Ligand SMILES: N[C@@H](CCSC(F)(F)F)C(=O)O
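Only one chain is shown below, in structure tokens, and it's the form deposited without the ligand.
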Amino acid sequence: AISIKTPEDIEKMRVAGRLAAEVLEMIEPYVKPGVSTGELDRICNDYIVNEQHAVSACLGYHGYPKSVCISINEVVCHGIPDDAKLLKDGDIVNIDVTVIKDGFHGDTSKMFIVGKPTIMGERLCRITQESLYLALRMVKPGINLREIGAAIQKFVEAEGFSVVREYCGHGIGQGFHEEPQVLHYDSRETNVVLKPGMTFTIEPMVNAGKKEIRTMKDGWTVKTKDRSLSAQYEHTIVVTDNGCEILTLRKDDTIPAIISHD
């Protein structure tokens, strides 16, 4: 069941989308060596609840214990915030936020480099973001999702990195994870034609090393099998009549918010 949003729905998504983006903008100054991921999680949660008057979609979802997901270095996704986990110079960290406002979800994430960046970390983050931007520029009514995954993969692999297969983008709206599954690679299994009013995320996870991943015994944390660095970026978008609109665009994004094809 792929839900098509009404104009009224889209309006509420635009609000939730900006709320989510703002959490990312807000947190930046706190990301420095010596801060713990547990502290970053508290600041985010406080902000969401007390200032934004919204709510974290993650808290309690399937039993998830925290408000945001913070993944450092080799952690692929779902890293659990913790008071004992301190950031060090050179770490790369993803903060994945999902907020609910008036019943609609806004989901986005970005990488942050702590202190002095490493060559590998900088490059990996760059390539990952570019792969997301690439996909965004392709979105328009009529195209098959398959083409998008194929493009991301080709890009990434051409640059010597790999794409994680197991986790992917998803529809989103009143529900956190709705149809469809947005794969970040080429798969003959994929056959979805885009149409206006569809809302979903693109959130490619790219590994510096091999594509293989492993789940941790905590049941959430996912890490690379070869312990290479892994990066991810994410945006929520709505398919428009002639392209797409990025609902979670931030001040530091360098892609326009409305992408038009003609």
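Numbers follow the displayed sequence, beginning with 1.
Keep in mind that the form solved in complex with the ligand is not shown, yet the notes after this line are about it.
Chemist: Can you tell me if residue 98 lies within 4.5 angstroms of the ligand in the bound PDB entry, counting non-hydrogen atoms only?
Modeler: Looking in the bound PDB entry, residue contacts with the ligand include residue 98, since a heavy atom lies within 4.5 Å.
Chemist: Using a 4.5 angstroms cut-off on non-hydrogen atoms, would residue 30 count as touching the ligand in the bound PDB entry?
Modeler: Because no heavy atom of residue 30 falls inside 4.5 Å of the ligand in the bound PDB entry, the answer is no.
Chemist: Can you tell me whether residue 203 touches the ligand? I mean in the bound PDB entry, with a 4.5 angstroms heavy atom cut-off.
Modeler: Taking the distances in the bound PDB entry, the answer for residue 203 is yes, it comes within 4.5 Å of the ligand.
Chemist: Is residue 123 near the ligand? Define near as a heavy atom within 4.5 Å, in the bound PDB entry.
Modeler: Although the ligand is absent here, residue 123 would stay clear of it in the bound PDB entry, with no heavy atoms inside 4.5 Å.
Chemist: Of the listed stretches (22-30, 189-197, 39-47, 57-65), which one has a non-hydrogen atom within 4.5 Å of the ligand in the bound PDB entry?
Modeler: Every other range fails; the passing one is 57-65.
Chemist: Candidate spot 130, 185 and 211, all three in 4.5 Å heavy atom range of the ligand in the bound PDB entry?
Modeler: Not a single listed residue reaches the ligand in the bound PDB entry, so no.
Chemist: Counting any non-hydrogen atom inside 4.5 Å, which residue from 154, 137, 88, 177 sits next to the ligand in the bound PDB entry?
Modeler: Checking each option against the ligand in the bound PDB entry, the one that comes within 4.5 Å is 177.
Chemist: Taking only heavy atoms into account, state which residues of 223-246 are within 4.5 Å of the ligand in the bound PDB entry, ordered by sequence.
Modeler: Contacting residue: only 234.
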